[PDB]
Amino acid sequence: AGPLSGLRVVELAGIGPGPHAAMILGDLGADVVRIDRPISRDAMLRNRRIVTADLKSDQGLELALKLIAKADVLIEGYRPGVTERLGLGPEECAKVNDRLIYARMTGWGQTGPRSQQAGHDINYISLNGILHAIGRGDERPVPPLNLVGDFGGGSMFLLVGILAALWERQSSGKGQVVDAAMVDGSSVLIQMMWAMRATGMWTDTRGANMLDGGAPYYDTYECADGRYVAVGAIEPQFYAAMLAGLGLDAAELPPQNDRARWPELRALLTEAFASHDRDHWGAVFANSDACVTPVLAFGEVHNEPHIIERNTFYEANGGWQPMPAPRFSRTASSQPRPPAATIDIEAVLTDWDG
């Protein structure tokens, strides 16, 4: 019963960013109908009704269009031109529903020399400087999973575009097309580095900056047990709290920001964190402003008190899944409805009156 209660969304089944956007809409209360090819164990397909249609057939196109005629939002993540050839392109949908927000989720965008080329997250962040910046400096770049292209710079930007176009519709009375390209959204996601590059505050050298692992006060450390803590003590007063927790005398260490001595500083902090296990540090720093936290593996997360107490996760079935985010004080989101059986497309049409 979240803030998107009442919003009608038609989702053309796809992979990665599209269904993630659709999931978040459903999480927040939207009525999302996913059209798939003629019960899922994919938790991402929570908060849906699933219908089936052959979009290449006359019948399937007609039904999809009747559904779209009644919706607020359409999500598609095919190659540019695919919906157009199916008879489901923006100009065709406009004929039946000029209030539709037509949301197009791609990596390279609707136009441009790479627009028809296959790719995945790693390719989109390769082209815009992001991938080059991730990883240790003495090694080739490492992919930050598909967190940055598919999701942070992908579905998240599709969602901002959908909801912004809905705001616009309040006064125009009309929808329009949202072109969310991972290559664009991930670039805005990393705008802080573009800003910092311009003022000398960030360099193109991998692994040699404040927030990429280059700084001894912003990195992970291996403990006695081979598990890790994360140190994020940027501000001097947090850095000071970190040293106090370690029992180190600041007068005997290199200054926090003397980069010429960062290897020496890191060596001293490495020795300190290596002297006890991760959970020892977890306890020492549990309540302080030192910005030191245990690095938990997925399987351990459900046992952490802050995670438990805030209900960041729920138990779906044979696994934890994240509860909806963000949170709303008045129209709070429900626990997600699990994936259910395929339902009849005509039953949905009856429900929506189309």
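Throughout, we count residues from 1 along the sequence that is shown. Under this definition, the rigid core comprises the largest set of C-alpha atoms superposing within 1.5 Å between the forms.
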Q. Looking at C-alpha RMS in 6 other deposited structures of this protein with the core superposed, is it 180-188 or 279-287 that drifts more?
A. 279-287
**Q.** Stretch farther from the shown model on average in 6 other deposited structures of this protein, with CA RMS computed after core superposition (246-254, 210-218)
**A.** 246-254
Q) How many residues that are in the deposited sequence but not in the model lie between residue 38 and residue 39: none, 1 to 3, 4 to 9, or 10 or more? A) 4 to 9
Q) Should the higher mean CA B-factor in the entry be assigned to 269-277 or to 84-92? A) 84-92
Q) Quick one: higher average CA temperature factor, 345-353 or 2-10? A) 345-353
Q. Reading the B-factor column of the entry, which of 54, 27, 31, 289 has the highest value at its C-alpha atom?
A. 54
Q: Please pick out which of 227, 136, 197, 259 has the largest Cα B-factor as recorded in the entry.
A: 136
Q.
Ranking every modelled residue in this chain by its Cα temperature factor as given in the entry, which third contains residue 63?
A. highest
(Q) Quick check for you: using the entry's CA B-factors within this chain, is residue 169 in the lowest, middle or highest third? (A) lowest
Q | Ranked against its chain, the third holding the CA B-factor of residue 141 | A | middle
(Q) Using only modelled residues of the chain, where does the Cα B factor of residue 20 rank: lowest third, middle third or highest third? (A) middle
Q.
Ranking every modelled residue in this chain by its Cα temperature factor as given in the entry, which third contains residue 130?
A. middle
